[PDB]
Amino acid sequence: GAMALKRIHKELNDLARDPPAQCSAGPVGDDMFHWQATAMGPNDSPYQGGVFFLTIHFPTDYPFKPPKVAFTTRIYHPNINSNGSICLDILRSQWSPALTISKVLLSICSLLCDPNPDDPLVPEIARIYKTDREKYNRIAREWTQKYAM
């Protein structure tokens, strides 16, 4: 409804004035409830140099339920699967209406920087992140080259 639209317009205005990261985000054409985003791979992470696209869908009762957020660029990460689904607490149980799309993107960039291997969406990637960090970084760099450049 109208409260949601008003909140989404406010968050868009704020994001243009103070972008989170390295990120961009905003509506796909005239649809205020479906956005595209991009995130740069953080410097000093294995994703450095990549650009990663995301899709965002705001629910009709925003801001009192979370937006749906998924990657459309492939990425090698313990908490992001081959469908681009993201395991991130604030997109589920830990949502609050005090969060905004800018805060969500900051949290997703932090997650790229520092995974949660105890919440393994991709069990093997979570495993190697723990047991062989250098091998994880190497494969994540390789996938950045393959998919995100």
Side-chain angles (χ1 to χ4, degrees), residues 1-127 129-130 136-137 139-141 143-144 146-149:
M3 169 179 66
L5 195 53
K6 189 175 106 40
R7 181 61 184 254
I8 291 167
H9 276 293
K10 196 176 317 181
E11 291 181 27
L12 179 60
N13 294 349
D14 295 332
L15 188 144
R17 286 165 189 260
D18 182 17
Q22 329 195 294
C23 297
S24 65
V28 179
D30 298 323
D31 189 345
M32 297 297 316
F33 288 76
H34 178 202
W35 291 25
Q36 180 181 75
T38 67
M40 283 175 69
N43 270 3
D44 315 333
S45 79
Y47 309 111
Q48 175 167 352
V51 176
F52 299 85
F53 285 75
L54 300 94
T55 60
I56 294 160
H57 288 81
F58 292 91
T60 62
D61 47 6
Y62 195 73
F64 293 94
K65 294 201 214 279
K68 286 182 173 209
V69 187
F71 279 74
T72 57
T73 301
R74 295 182 61 176
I75 184 167
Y76 187 80
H77 190 282
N79 308 115
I80 302 163
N81 72 13
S82 69
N83 290 329
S85 302
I86 303 166
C87 184
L88 179 58
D89 57 352
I90 58 150
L91 296 175
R92 260 225 227 178
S93 57
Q94 298 291 311
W95 179 256
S96 159
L99 301 180
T100 59
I101 286 301
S102 286
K103 293 172 178 190
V104 168
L105 291 167
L106 289 177
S107 291
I108 290 169
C109 292
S110 186
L111 187 68
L112 298 189
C113 296
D114 205 352
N116 296 306
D118 290 335
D119 280 320
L121 267 187
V122 189
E124 172 59 17
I125 308 182
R127 179 188 162 88
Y129 181 81
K130 297 183 179 168
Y136 165 84
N137 282 343
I139 305 160
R141 284 188 243 108
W143 280 43
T144 299
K146 296 181 345 184
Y147 300 117
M149 313 295 223

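We number each residue from 1, following the sequence as shown. When reading the values below, keep in mind they use all heavy atoms of this one structure, side chains included, and skip hydrogens, waters and symmetry mates.
- For the pair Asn116/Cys87, no side-chain contact is recorded, criterion being any heavy-atom separation below 4.5 Å from C-beta on.
- Inter-residue side-chain proximity for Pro20 and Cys109 is flagged as unmet; no heavy-atom pair is nearer than 4.5 Å.
- The distance from the CD1 atom of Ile108 to the SG atom of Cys113 is 12.0 Å, given to the nearest 0.5 Å.
- Looking at heavy atoms from C-beta onward, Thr73 lies out of side-chain contact with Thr38 at the 4.5 angstrom threshold.
- Annotation: side chain of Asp119 is not in contact with side chain of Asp89 (no heavy-atom distance under 4.5 Å).
- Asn83 places no side-chain N or O within donor-acceptor distance of the main-chain N or O of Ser85, the cut-off being under 3.5 Å.
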message: Using the rule given for side chain to side chain contact (heavy atoms under 4.5 Å, CB included), can you reason through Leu112 versus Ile80, listing the C-alpha separation, both sets of side-chain angles and the distance that settles it, and then say yes or no?
response: CA-CA 9 Å; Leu112 298 189; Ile80 302 163; 3.8 Å; yes

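- The ring pair (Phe, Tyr, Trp, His ring centres under 6.0 Å) with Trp143 is formed by just one residue from the set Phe52, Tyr47, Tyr76; it is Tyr76.
- Within 6.0 Å of the NZ atom in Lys146, the count of heavy atoms belonging to other residues, nucleotides or ligands exceeds 12.
- Counting heavy atoms from C-beta outward, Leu111 and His77 have side chains that approach closer than 4.5 Å.
- Using a distance-only test at 3.5 Å, with no hydrogens or angles considered, no donor-acceptor pair links the side chain of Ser110 to the main chain of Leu106.
- Scanning for side-chain hydrogen bond (donor to acceptor under 3.5 Å, both in side chains) contacts around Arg74 gives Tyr147, with sequence neighbours left out.
- When all heavy atoms of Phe33 and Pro59 are compared, the pair lying nearest together is CE2-O, 3.8 Å.
- Partner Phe58 forms a side chain to side chain contact (heavy atoms under 4.5 Å, CB included) with one of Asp61, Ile56, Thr60 and no other, that one being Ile56.
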- request: Let me see the working for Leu88 and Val69 under side chain to side chain contact (heavy atoms under 4.5 Å, CB included), right down to the final yes or no.
  value: CA-CA 10 Å; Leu88 179 58; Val69 187; over 6 Å; no

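- Here the CZ-CE distance, from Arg7 to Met32, works out to 13.0 Å after rounding to the nearest 0.5 Å.
- Between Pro67 and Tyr62, the shortest heavy-atom contact is CD-CE1, 3.9 Å.
- Atom NZ of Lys130 has more than 12 neighbouring heavy atoms from other residues, nucleotides or ligands inside a 6.0 Å radius.
- Between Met3 atom CE and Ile8 atom CD1 the span is 10.5 Å, to the nearest 0.5 Å.
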- Under the side chain to side chain contact (heavy atoms under 4.5 Å, CB included) rule, what do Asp14 and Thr100 come out as? Steps first, then yes or no, please. CA-CA 10 Å; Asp14 295 332; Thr100 59; over 6 Å; no

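- Inter-residue side-chain proximity for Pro120 and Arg127 is flagged as unmet; no heavy-atom pair is nearer than 4.5 Å.
- Atoms CG and CH2, from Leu12 and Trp35 in turn, are 4.5 Å apart once rounded to the nearest 0.5 Å.
- In this structure, CD1 on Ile139 lies 11.5 Å from OG1 on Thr144, to the nearest 0.5 angstrom.
- Nearest heavy atoms, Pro115 versus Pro117: O-CD, 3.4 Å.
- Nearest approach of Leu105 to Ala37, heavy atoms of both residues: CD2-CB, 4.1 Å.
- The shortest distance between side-chain heavy atoms of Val104 and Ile90 falls below 4.5 Å.
- Distance check: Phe53 CZ to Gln36 CD gives 5.5 Å after rounding to the nearest 0.5 Å.
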